[PDB]
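Structure below is structure_6.cif: mmCIF, C-alpha atoms.
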```cif
data_model
loop_
_atom_site.group_PDB
_atom_site.id
_atom_site.type_symbol
_atom_site.label_atom_id
_atom_site.label_comp_id
_atom_site.auth_asym_id
_atom_site.auth_seq_id
_atom_site.Cartn_x
_atom_site.Cartn_y
_atom_site.Cartn_z
ATOM 1 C CA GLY A 1 -16.567 -1.147 -35.091
ATOM 2 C CA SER A 2 -19.853 0.484 -34.060
ATOM 3 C CA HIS A 3 -21.137 -1.739 -31.230
ATOM 4 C CA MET A 4 -18.108 -3.949 -30.487
ATOM 5 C CA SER A 5 -14.590 -2.465 -30.376
ATOM 6 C CA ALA A 6 -11.364 -4.205 -29.300
ATOM 7 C CA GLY A 7 -8.640 -2.100 -30.927
ATOM 8 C CA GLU A 8 -5.891 -1.760 -28.309
ATOM 9 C CA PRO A 9 -3.252 1.008 -28.849
ATOM 10 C CA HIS A 10 0.564 0.708 -28.866
ATOM 11 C CA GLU A 11 1.769 -0.526 -25.452
ATOM 12 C CA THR A 12 4.863 -2.114 -23.875
ATOM 13 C CA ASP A 13 4.112 -3.719 -20.482
ATOM 14 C CA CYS A 14 0.894 -4.623 -18.640
ATOM 15 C CA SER A 15 1.318 -7.601 -16.263
ATOM 16 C CA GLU A 16 3.479 -5.341 -14.078
ATOM 17 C CA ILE A 17 0.565 -2.926 -13.654
ATOM 18 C CA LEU A 18 -1.512 -5.876 -12.566
ATOM 19 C CA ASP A 19 1.370 -7.020 -10.348
ATOM 20 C CA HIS A 20 0.796 -3.763 -8.418
ATOM 21 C CA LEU A 21 -2.999 -4.099 -8.435
ATOM 22 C CA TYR A 22 -2.398 -7.340 -6.495
ATOM 23 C CA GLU A 23 0.515 -6.678 -4.072
ATOM 24 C CA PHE A 24 -0.181 -2.917 -4.090
ATOM 25 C CA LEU A 25 -3.803 -3.427 -3.212
ATOM 26 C CA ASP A 26 -3.492 -6.429 -0.838
ATOM 27 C CA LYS A 27 0.071 -5.986 0.505
ATOM 28 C CA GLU A 28 0.131 -2.212 0.980
ATOM 29 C CA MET A 29 -3.130 -0.519 2.083
ATOM 30 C CA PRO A 30 -6.517 -1.346 0.412
ATOM 31 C CA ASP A 31 -7.901 2.112 1.347
ATOM 32 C CA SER A 32 -4.624 4.076 1.348
ATOM 33 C CA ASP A 33 -3.992 3.024 -2.265
ATOM 34 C CA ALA A 34 -6.698 4.754 -4.360
ATOM 35 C CA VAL A 35 -4.689 8.005 -4.333
ATOM 36 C CA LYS A 36 -1.375 6.166 -4.748
ATOM 37 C CA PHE A 37 -2.932 4.036 -7.503
ATOM 38 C CA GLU A 38 -3.811 6.833 -9.992
ATOM 39 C CA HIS A 39 -0.054 7.606 -10.316
ATOM 40 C CA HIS A 40 0.975 4.141 -11.578
ATOM 41 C CA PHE A 41 -2.459 3.515 -13.097
ATOM 42 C CA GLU A 42 -2.137 6.535 -15.432
ATOM 43 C CA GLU A 43 1.435 5.764 -16.576
ATOM 44 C CA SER A 44 0.176 2.596 -18.312
ATOM 45 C CA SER A 45 -3.390 3.418 -19.387
ATOM 46 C CA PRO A 46 -2.911 1.210 -22.542
ATOM 47 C CA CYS A 47 -2.455 -1.840 -20.268
ATOM 48 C CA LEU A 48 -5.887 -1.277 -18.765
ATOM 49 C CA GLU A 49 -7.218 -0.951 -22.367
ATOM 50 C CA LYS A 50 -6.204 -4.507 -23.255
ATOM 51 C CA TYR A 51 -8.453 -6.462 -20.902
ATOM 52 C CA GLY A 52 -10.671 -3.535 -19.869
ATOM 53 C CA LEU A 53 -9.120 -2.734 -16.502
ATOM 54 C CA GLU A 54 -9.215 1.071 -16.926
ATOM 55 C CA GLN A 55 -12.949 1.119 -16.194
ATOM 56 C CA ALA A 56 -12.306 -0.998 -13.087
ATOM 57 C CA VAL A 57 -9.099 0.581 -11.707
ATOM 58 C CA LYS A 58 -10.651 4.055 -12.196
ATOM 59 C CA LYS A 59 -13.290 2.831 -9.756
ATOM 60 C CA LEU A 60 -10.617 1.595 -7.309
ATOM 61 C CA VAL A 61 -9.076 5.062 -7.377
ATOM 62 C CA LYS A 62 -12.543 6.608 -6.941
ATOM 63 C CA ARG A 63 -12.889 5.345 -3.350
ATOM 64 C CA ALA A 64 -9.702 6.638 -1.620
ATOM 65 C CA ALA A 65 -9.469 7.273 2.145
ATOM 66 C CA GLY A 66 -12.666 8.531 3.785
ATOM 67 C CA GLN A 67 -14.951 7.480 0.918
ATOM 68 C CA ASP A 68 -15.902 3.904 -0.103
ATOM 69 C CA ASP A 69 -12.241 3.142 0.815
ATOM 70 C CA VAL A 70 -12.549 -0.455 -0.494
ATOM 71 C CA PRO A 71 -15.803 -2.509 -0.505
ATOM 72 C CA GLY A 72 -13.798 -5.703 -0.966
ATOM 73 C CA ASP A 73 -16.067 -6.334 -3.946
ATOM 74 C CA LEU A 74 -13.939 -4.208 -6.295
ATOM 75 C CA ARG A 75 -10.610 -5.573 -5.102
ATOM 76 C CA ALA A 76 -11.761 -9.208 -5.100
ATOM 77 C CA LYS A 77 -13.046 -8.386 -8.555
ATOM 78 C CA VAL A 78 -9.821 -6.708 -9.686
ATOM 79 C CA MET A 79 -7.408 -9.239 -8.112
ATOM 80 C CA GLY A 80 -9.520 -12.102 -9.423
ATOM 81 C CA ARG A 81 -9.455 -10.318 -12.768
ATOM 82 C CA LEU A 82 -5.663 -10.099 -12.624
ATOM 83 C CA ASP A 83 -5.655 -13.823 -11.944
ATOM 84 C CA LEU A 84 -7.965 -14.049 -14.960
ATOM 85 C CA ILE A 85 -5.920 -11.565 -17.009
ATOM 86 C CA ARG A 86 -2.542 -13.100 -16.127
ATOM 87 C CA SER A 87 -4.060 -16.547 -16.834
ATOM 88 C CA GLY A 88 -6.501 -15.632 -19.640
ATOM 89 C CA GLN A 89 -8.241 -12.932 -21.704
ATOM 90 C CA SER A 90 -11.997 -13.717 -21.546
ATOM 91 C CA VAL A 91 -13.594 -11.166 -19.198
ATOM 92 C CA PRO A 92 -17.079 -11.021 -17.577
ATOM 93 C CA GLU A 93 -19.533 -8.212 -16.741
ATOM 94 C CA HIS A 94 -17.625 -6.831 -13.716
ATOM 95 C CA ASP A 95 -18.678 -3.290 -14.704
ATOM 96 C CA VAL A 96 -21.970 -3.977 -12.872
ATOM 97 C CA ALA A 97 -20.113 -3.002 -9.706
ATOM 98 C CA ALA A 98 -20.093 0.574 -11.047
ATOM 99 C CA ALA A 99 -22.565 0.960 -13.939
ATOM 100 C CA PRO A 100 -23.179 -2.377 -15.773
ATOM 101 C CA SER A 101 -22.372 -2.161 -19.502
ATOM 102 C CA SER A 102 -19.594 -4.637 -20.415
ATOM 103 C CA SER A 103 -21.517 -6.257 -23.295
ATOM 104 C CA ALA A 104 -25.212 -6.729 -22.436
ATOM 105 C CA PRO A 105 -26.415 -3.856 -20.146
ATOM 106 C CA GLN A 106 -29.981 -5.238 -20.076
ATOM 107 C CA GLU A 107 -29.421 -8.847 -21.230
ATOM 108 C CA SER A 108 -32.946 -10.223 -21.775
#
```

Would it be possible to restate this file's structure as structure tokens?
Amino acid sequence: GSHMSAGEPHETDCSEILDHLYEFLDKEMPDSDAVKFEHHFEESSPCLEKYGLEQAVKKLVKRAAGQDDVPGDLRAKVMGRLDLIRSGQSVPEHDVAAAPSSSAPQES
């Protein structure tokens, strides 16, 4: 495992963390959620290390009130990812939203 690594640690639940990412993000306060996110997002880091949501949710938390708040491009990307996660495992290069390097950074 030098270039490719998919060794997830010992976890328990994950869909529930997504469940927040969806209703938390869309049915609570898109901008007033980055600071409230971190709390629940840190309790289940291993869930975000299954499909690669850590990298994304960290970015959602990064905005917070006052800053980027919510470009709609991260959420739509995260929610749509939940919908992909909850209904699949194959994930795309969504890291491009904040430093592209999911699999092929350059991709010739």

### Task
Please provide the set of residues having any atom within 12 Å of residue 87 (chain A), restricted to all atoms listed in the file, with same-chain residues fewer than 4 positions apart removed, written as a PyMOL selection string.
chain A and resi 15+18+51+79-83+91

Can I get the selection written as a PDB file, keeping the file's coordinate frame, with C-alpha atoms?
```pdb
ATOM      1  CA  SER A  15       1.318  -7.601 -16.263  1.00  0.00           C
ATOM      2  CA  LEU A  18      -1.512  -5.876 -12.566  1.00  0.00           C
ATOM      3  CA  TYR A  51      -8.453  -6.462 -20.902  1.00  0.00           C
ATOM      4  CA  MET A  79      -7.408  -9.239  -8.112  1.00  0.00           C
ATOM      5  CA  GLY A  80      -9.520 -12.102  -9.423  1.00  0.00           C
ATOM      6  CA  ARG A  81      -9.455 -10.318 -12.768  1.00  0.00           C
ATOM      7  CA  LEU A  82      -5.663 -10.099 -12.624  1.00  0.00           C
ATOM      8  CA  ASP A  83      -5.655 -13.823 -11.944  1.00  0.00           C
ATOM      9  CA  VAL A  91     -13.594 -11.166 -19.198  1.00  0.00           C
TER      10      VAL A  91
END
```

### Task
Run the PyMOL selection byres ((chain A and resi 95) around 10) on the file and write out the hits as a PyMOL selection string.
chain A and resi 52-53+55-56+59+74+77+92-94+96-103+105

### Task
Compare A:9, A:66, A:1, A:30 by their minimum atom-to-atom distance to residue 78 (chain A), counting only C-alpha atoms, and give me the closest one.
A:30

### Query
Hey, can you check how far CA of residue 19 (chain A) sits from CA of residue 5 (chain A)?
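Separation of CA of residue 19 (chain A) and CA of residue 5 (chain A): 26.0 Å.
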
### Task
Report as JSON, numbers by chain the full result of the PyMOL selection byres ((chain A and resi 35) around 9) when it is applied to this structure.
{"A": [31, 32, 33, 34, 36, 37, 38, 39, 61, 62, 63, 64, 65]}

For the residues selected in the previous step, produce a file with C-alpha atoms as an mmCIF file, in the coordinates of the input.
```cif
data_model
loop_
_atom_site.group_PDB
_atom_site.id
_atom_site.type_symbol
_atom_site.label_atom_id
_atom_site.label_comp_id
_atom_site.auth_asym_id
_atom_site.auth_seq_id
_atom_site.Cartn_x
_atom_site.Cartn_y
_atom_site.Cartn_z
ATOM 1 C CA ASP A 31 -7.901 2.112 1.347
ATOM 2 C CA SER A 32 -4.624 4.076 1.348
ATOM 3 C CA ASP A 33 -3.992 3.024 -2.265
ATOM 4 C CA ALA A 34 -6.698 4.754 -4.360
ATOM 5 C CA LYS A 36 -1.375 6.166 -4.748
ATOM 6 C CA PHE A 37 -2.932 4.036 -7.503
ATOM 7 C CA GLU A 38 -3.811 6.833 -9.992
ATOM 8 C CA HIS A 39 -0.054 7.606 -10.316
ATOM 9 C CA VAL A 61 -9.076 5.062 -7.377
ATOM 10 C CA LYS A 62 -12.543 6.608 -6.941
ATOM 11 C CA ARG A 63 -12.889 5.345 -3.350
ATOM 12 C CA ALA A 64 -9.702 6.638 -1.620
ATOM 13 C CA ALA A 65 -9.469 7.273 2.145
#
```

### Query
To one decimal place, how far is CA of residue 20 (chain A) from CA of residue 40 (chain A) in Å?
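We find that CA of residue 20 (chain A) and CA of residue 40 (chain A) lie 8.5 Å from each other.
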
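Across the model, the gap from CA of residue 47 (chain A) to CA of residue 13 (chain A) is 6.8 Å.
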
### Task
Rank A:25, A:17, A:6, A:48 by their smallest atom-to-atom distance to residue 75 (chain A), using all atoms listed in the file, and report the top residue only.
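The answer is A:25, which sits nearest to residue 75 (chain A).
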
### Task
Find the residue from A:107, A:16, A:69, A:26 that sits nearest to residue 86 (chain A); use all atoms listed in the file when measuring.
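Among A:107, A:16, A:69, A:26, it is A:16 that comes nearest to residue 86 (chain A).
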
### Task
Choose the residue, out of A:67, A:76, A:46, A:54, that has the smallest atom-to-atom separation from residue 22 (chain A); count all atoms listed in the file.
A:76

Box for region 90-99 of chain A: with edges along x, y and z, all listed atoms inside and 4 Å added on each side, what are the centre and edge lengths in Å to one decimal, as lines of an AutoDock Vina configuration file?
```
center_x = -17.3
center_y = -6.4
center_z = -15.6
size_x = 18.6
size_y = 22.7
size_z = 19.8
```

#### Entry: Residue neighbourhood residue 8 (chain A), 7 Å, all atoms listed in the file, exclusion window fewer than 2 positions, as number ranges by chain
A: 6, 10, 49-50

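Using all atoms listed in the file, the nearest neighbour of residue 43 (chain A) within the list A:11, A:2, A:23, A:29 is A:11.
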